[PDB]
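Coordinate analysis (summary)
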Amino acid sequence: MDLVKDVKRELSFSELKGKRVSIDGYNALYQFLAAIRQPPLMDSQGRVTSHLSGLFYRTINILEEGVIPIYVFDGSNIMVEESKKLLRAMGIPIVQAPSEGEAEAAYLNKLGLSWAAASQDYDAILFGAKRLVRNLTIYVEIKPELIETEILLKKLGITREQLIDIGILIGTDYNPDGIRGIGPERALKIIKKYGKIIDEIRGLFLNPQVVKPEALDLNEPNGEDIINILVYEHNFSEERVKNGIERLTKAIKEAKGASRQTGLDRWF
Amino acid sequence: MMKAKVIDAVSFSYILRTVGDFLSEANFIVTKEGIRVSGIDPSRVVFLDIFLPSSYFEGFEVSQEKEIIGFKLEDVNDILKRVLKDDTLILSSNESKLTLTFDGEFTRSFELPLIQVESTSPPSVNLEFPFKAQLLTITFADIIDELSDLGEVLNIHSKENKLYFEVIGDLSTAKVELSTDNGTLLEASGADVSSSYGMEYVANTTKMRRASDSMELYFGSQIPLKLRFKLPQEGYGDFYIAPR
Amino acid sequence: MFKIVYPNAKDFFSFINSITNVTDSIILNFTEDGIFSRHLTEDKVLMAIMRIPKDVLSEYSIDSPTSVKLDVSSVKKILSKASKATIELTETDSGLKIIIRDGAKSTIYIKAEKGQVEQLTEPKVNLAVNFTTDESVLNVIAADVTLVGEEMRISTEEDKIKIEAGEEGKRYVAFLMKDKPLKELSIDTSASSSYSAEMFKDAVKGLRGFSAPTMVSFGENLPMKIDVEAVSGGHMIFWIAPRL
Ligand SMILES: [Mg+2]
Ligand SMILES: [Mg+2]
Ligand SMILES: [Mg+2]
Ligand SMILES: [Mg+2]
Ligand SMILES: [Zn+2]
Ligand SMILES: [Zn+2]
Ligand SMILES: [Zn+2]
Ligand SMILES: [Zn+2]
C-alpha cells in the first residue's frame, strides 16, 4: 500500500457524463501494456501493439459513456510518440507536461479545465488535484472510483501541506520507499501530532513545473493517418476498425453534446 | 426548384421503401411530365424504373425542363417512416436541400442536403415477352410472402394459360397454381416459358401491395422477369429481374 | 400508521409506471399536505415528480408524516402487475397493504422500509413561455427529433412555437400554434432553449396513460417543465435541464 488512508465512493458513469478528465498518459499506457493480452499483443514485424489496442478500444468506450478524455504526457520513447500520433489522428486532446504528467493532470483540474485527474496512482492528490478518478483505464465488476481531496483532507483532519509530508514519510518517487519502518497509518499519526520536526521535495509537490495549456477540444478523427500507424505499420485488423472508427466519431456527437449539459441543481 | 404534394403519403412511402431494398442511392428525376426514379442494384440483377406522373400529385410544379435530386434511400425512408394517418406529404427542392413536409394536425418538415449520384441507368430493355399475365397485387403479395421462407430460387412457369409458382426447398418442392379458371389471375396469354429467379429479389417487391391495386407480370425462358405494378392515375413501378 | 384512498386506480398505476421511467425503485412520501414522489437522475439532467394534494383524495388519515421506500424493483413490479376502480393504501408492520375495489376486490401486500419524510426540492425559476397540447403531438415530435439529432431547440416565433433539430445540414422543423395543434398558448417574452433530444423523449414517453392534456413550459436558457394533471386531480411532472 501507498495510500489506504481512504474512504472513497464509487461513481456511476451517469455522474461522469459530460466531464473532461485529465488522464495520465504514462500510467494509462502501462495499464494497457499490463492488461489486455489476446494470445503481449504482437504484430507482423514482431513488436508490441498492445498500447494501441488500449488507446483505441478503451478510449471509444470512455467517449461513448460521455467522458471527454485528455491524455497528459511528460517525458520506449517511440511507443509514447506513436501513442501521441494516434491520439492526434483520433482528434482526442493532447497536453505535453514540462516535467511530471500527473502534476500537469492535477494542474488542469486545478485550473478548472478538467473535472478530475485520472490515474491508478494517488500522486495527483499531492499535486493539487481537486478530484481523483480511478479505474477508467482498467460479483467483482470494476467500476469507476472517486476520491475528493476536499473530503479526504476533512476526514483525516489535515491540510495539503500535511498530506505532502505524510507522502514523504510513506515514500514518493523523489524518496523511493520513504522512511523505513513507518507506514501510512504511522505517518498519518505522526503528522497529525507534529509537522515533520527533503526540504526541497515539498517544493516539488507544492509548486512544480506545470503549464497553462493553450486545446483542449475534440477534433475530427481522420482515417488517412489512423490506418497508417494501426492497420499497416503495427498491423491491425481493419474489419474491426471499420465498425469501431465509425462509432468513434459517432460517440463524439453525444460526448461533445453532453459537455454543454447543465445540471438541474443550479436552480434549487 | 421543384414542388409536389402527395395526398396518400403512406402509399408513396411504400414505393420508396421497396426501391430501398434494391438501391442505397437514387435520383428523383423531376420533369414537367412527372417524377421518375430509376437505377440498377450493386449485384446488377435488378433494374427498376418507377414513374409517377404529374397527375399522381395534388398540385405539381417544376421551374425547369429537368431537375435531378440525389438522395440516400435510408435517410428518405426513415423520414417517410414518420408519416401519420391523416398527413399529406409535400416534396420540395432548391439549390442545396431536399425537403419533405408532413401536413396534418400540425406541420413538420425534414431537410436533407442534395447528393450527387450517377444516373446510369440503364441498361436493359428492348424486350418482347412470350408470356404476359394480369393479376391483383394483393394476391401476388400473398403467394410470394408465404413462399419466401423456402428456397433461394423461385422457379415459375406456364403451361395451359395457367401460371405455376414453384420453389425447391430443403425437403420437398411446393408449387402454387395461379389461373383465371382459379380466381387469382385476371388475364393471361402466351406459351410456354420456364424460368427461375433469385427469390430474395422477387420477395422484396411485395410491399408494392400497399401502393398498387393491380399489376402485370412478364416472363420468358432465358429472359428477365418484368413486374409492372400499376400505380394510381396511370402511374407504374417497373422491376426487371435477371434470370438465374 | 395511515389510510389513503384515491378515487381512480387507473391514474394511480399511471403515476407508478411514470416514475418507473426514471428509477424503477419508487419512494412515496406521506406528508401533511398530501403525497409526493421525487427522483433526480444521477446526471441531474432529468427529474420526475408526482404530487397528489390532500383535497384530491377520498380519504387521507395520518398523524405523523413518514416516508415509504417500496422494496426496490420487485415490489414496484408487483404493483404494475395489477390492472374503473378505487385504490386504498394502508400500513402493515413491515410495509403496506393495497386494496383495489371495483364489485370486485383484490389485495397485494408490499414489504417496504419506512423512514423520515423528505423535501420536495424543485427548480425555483420563472418560465415566460408555456403551452398545452395532446400527448400524441408530444410523442410525434419526440420521435422526430431523436431521429434527426442529439439536440433539440425549442423557441418562440411570433405567435408560434418553433421546434428544431439537426446535426449536419439535415434538419427538422416543427411549428405549433393556437388551434394547430395547441389548445392554449402563452408567450410572456421571446425565449429560446436547447435540450437533449433523448431526454425530451424520455420525459414525454413518461407521460402516456393520461387522457388529460399536457402543459409544456420553458424560458431563455432555462429548464423545461412538462406536466399533466390527471382527470382525478394528481400531477405528474417532468423537468428537463437545458444545454448551454
Ligand atoms: Mg508520473
Ligand atoms: Mg519499494
Ligand atoms: Mg386509360
Ligand atoms: Mg426514487
Ligand atoms: Zn500504480
Ligand atoms: Zn401447351
Ligand atoms: Zn433514453
Ligand atoms: Zn393541480
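The rules we used
Residues numbered from 1 in each chain as written, not as in the entry; some residues may be left out. Chains lettered and ligands numbered in written order. Heavy atoms only, no water. Residues with missing side-chain atoms left out of burial classes, pairs and counts. UniProt positions renumbered as here; feature names shortened; annotations may be inferred. Contact = heavy atoms within 4.5 Å. Helix = DSSP H or I, 4+ residues; strand = E, 2+ residues; numbered from the N terminus. Nonpolar A, V, L, I, M, F, W, Y, C, P; charged D, E, K, R; others polar. Core = buried A, V, L, I, M, F, W, Y, C linked by side-chain atoms within 4.5 Å. Buried < 20%, exposed > 50% of the residue type's maximum accessible area, 1.4 Å probe, protein only. Buried area = accessible area lost by both parts, 1.4 Å probe. Salt bridge = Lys/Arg side-chain N within 4 Å of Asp/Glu carboxyl O. Polar contact = N/O pair within 3.5 Å; in protein donor to acceptor, adjacent residues only side chain to side chain. Pairing = 2+ DSSP bridges. Axes fitted to C-alpha atoms, helices over the stretch in contact; angles between N-to-C directions.

X-ray crystallography is the method the PDB entry states for this structure, with the resolution given as 2.90 Å.

For this entry, the PDB title field holds "Structure of an Archaeal PCNA1-PCNA2-FEN1 Complex". Comment text from UniProt for chain C, heading Sequence similarities, reads "Belongs to the PCNA family."

Per UniProt, chain B has the following entry under Sequence similarities: "Belongs to the PCNA family."

**Regarding the interface of chain C and chain A**
Taken together, the 26 residues of chain C in the interface contact 17 residues of chain A. Counting only elements with at least two residues in the side of chain C that touches chain A, the list comes to strand 3 (34-40), strand 4 (46-53) and strand 19 (235-240) of chain C. For the side of chain C that touches chain A, the class distribution of residues is 13 nonpolar, three polar and ten charged.

**Observations concerning the nonpolar core**
Formed by 139 residues in total, the largest nonpolar core has its most connected members in B:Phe140, B:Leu163, B:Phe165, C:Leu70 and C:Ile163. A per-element tally of this core places helix 3 (residues 135-148) of chain C first, with seven residues. Ranked by size, the runner-up nonpolar core spans 38 residues in total, among them A:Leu16, A:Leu55, A:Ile68 and A:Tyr71.

**What about the interface of chain C and chain B?**
At the interface, 18 residues of chain C touch 14 residues of chain B. Carbon and sulfur atoms supply 61% of the area that chain C and chain B bury against each other, a total of about 1,300 Å² over both sides. Sorting the residues of chain C by area buried against chain B places C:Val140, C:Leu147 and C:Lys170 first, and these three jointly supply 32% of that buried surface. Taken together, chain C and chain B are joined by three salt bridges. Of the charged contacts, one joins C:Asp144 and B:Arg82 as a salt bridge, the two residues approaching to 2.7 Å between their closest N and O atoms. Applying the counting rule to chain C against chain B returns seven residue pairs in polar contact.

**Examining the arrangement of the chains**
There are two pairs of chains in contact here, and the one with the most contacts is chains A and C. The two partners chain A and chain B share no contact, and the minimum distance between any of their C-alpha atoms is 17 Å.

**A word on the sheet that holds strand 13 (residues 173-178) of chain B**
Sheet strands pair via backbone hydrogen bonds, and the direction of the pair is either parallel or antiparallel. Residue and element names in this part refer to chain B. In spatial order, the strands read 13-12-11-15; together these four strands make up an open sheet with antiparallel pairing. Whereas interior strands pair on both sides, the edge strands pair on one side only; in this sheet they are strand 13 and strand 15 (194-198). Pairwise comparison of adjacent strand axes, ignoring direction, gives a mean angle of 20° for this sheet. Where strand 12 (residues 163-168) and strand 13 come together, six bridges link them in antiparallel fashion. The partner of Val167 across the bridge, within strand 13, is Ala174. Against the sheet, helix 3 (residues 137-145) makes contact with strand 11 (153-158), strand 12 and strand 13, and its axis sits at roughly 20° relative to strand 12, the strand it touches most.

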